[PDB]
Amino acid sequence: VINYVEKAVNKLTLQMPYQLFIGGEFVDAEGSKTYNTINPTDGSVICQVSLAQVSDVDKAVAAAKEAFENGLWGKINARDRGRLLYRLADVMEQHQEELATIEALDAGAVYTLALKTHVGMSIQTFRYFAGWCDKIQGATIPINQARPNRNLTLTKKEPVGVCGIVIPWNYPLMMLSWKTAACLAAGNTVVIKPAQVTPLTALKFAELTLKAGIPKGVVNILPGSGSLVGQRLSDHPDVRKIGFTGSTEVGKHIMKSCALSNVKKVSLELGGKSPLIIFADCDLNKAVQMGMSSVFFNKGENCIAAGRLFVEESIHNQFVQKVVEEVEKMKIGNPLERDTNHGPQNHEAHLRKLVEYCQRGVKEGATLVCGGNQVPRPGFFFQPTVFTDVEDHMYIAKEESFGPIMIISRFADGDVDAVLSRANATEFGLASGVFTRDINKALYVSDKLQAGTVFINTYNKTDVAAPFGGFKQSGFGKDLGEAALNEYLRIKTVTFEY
């Protein structure tokens, strides 16, 4: 029997595990330490959650090591590993409403969005990677022959072993799923550290791995702090790979920690200040819709959000007028209400950061067209915000807000290389976008943009088959697509003489 926090909400009964998940069981942390997880809609405590300690990290890593080396997971056919992962996706689908409701409570995710995206894309992720298991293939290579003898050279793709996954709070289940599905499909075992502020869907997911028959110790989940739990994962001698999504500063520290312990492999999905270039020859009404989505999607808590919009001079004023008209129509409210389309920010400290961010924007001379303030209601709601007259030297032109803040600059009619230079003048390089009907401009701009993803006449169009990752200080390595698997596999070269 598992201990649950039970809650009647959104026409169902939530049964939320709140403990550490280690070696297939829910257990208290060392000293039965706990912390509170906070509902961003009203600021209330949802429940107490176990607070993992160093010795809990060591127990989780040991369980994952044992599951990998001696348990069933390291012994079953790749095809049968695939079947378990497909069954896990099915179990997630069976609990889709519950998962989306937990995400709404824990992260402020608008329920209809959480169903489609946070949860829906997570289900797709597991199904996609389940199909890879028995399709991961090595090679045979026509090497020079040691005549008069013969040689055969092949490669074997093998799992890396025990992995640690450390993730942020913006899409709790979805970030977990992106990384965990690739990690498990490759035959690894894993210890996951969800963001401290958003533990709940990760813990429910953990229970779902039991319903799906994932062998004990294959998945271990440790709610707790990055400075304690995430640090120990990066330091651990039995951990062989870290997959990390989060800020550039923490990413630097993770990579350093991997080096200093045992040169464990690392992948980094870091910040972004992604440019969206909107040309005068675009479909303007569609540009408004997609440009708004590029910023405001999931209350701006979106790693690939456009952190900068460059709008061609001749359409700039009309674009801004139309954005303001649409912003006024947005319904801000409880994420569980079906008419809501703008939920609360994830947690209080982040709301504070956004308020301060917009103060700095105003202070430095940018024009606040709308928003900029907390919404006067319970919880941590922030107004969808538009800045214009943004100049390249400005703080808000350089720093990632991670909030619903549209940051608009003009560029001269007929400029292309000049706007590209400005769009590329960042140490980030996660995503980017261009709206234009001109094929030649679209293709040229996509070539020249220094970003891991370039959207053309769309935005936020991720897909489980399409690799996602940054350039420059946005990191390296891919989540999603075949490419993601390479972070979780090692290649053994075997060379025979006969």
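The first residue of the sequence shown is number 1, and the count goes up from there.
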{"item": "Higher-B stretch (mean Cα B-factor, as the entry records it), 385-393 or 149-157", "value": "385-393"}
{"item": "Given 204-212 and 134-142, the range whose Cα B-factors average higher in the PDB entry", "value": "204-212"}
{"item": "From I102, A78, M92, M330, residue of greatest CA B-factor", "value": "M330"}
{"item": "Selection from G243, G108, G271, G187 [criterion: highest C-alpha temperature factor in the record]", "value": "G271"}
{"item": "CA B-factor placement of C183, once the chain's modelled residues are sorted into thirds", "value": "lowest"}
{"item": "Third of the chain's Cα B-factor distribution that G31 belongs to, per the entry", "value": "highest"}
{"item": "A8 - which third its CA temperature factor falls in, relative to the rest of the chain", "value": "middle"}
{"item": "Third of the chain's Cα B-factor distribution that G164 belongs to, per the entry", "value": "lowest"}
{"item": "Third of chain Cα B-factors occupied by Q473", "value": "middle"}
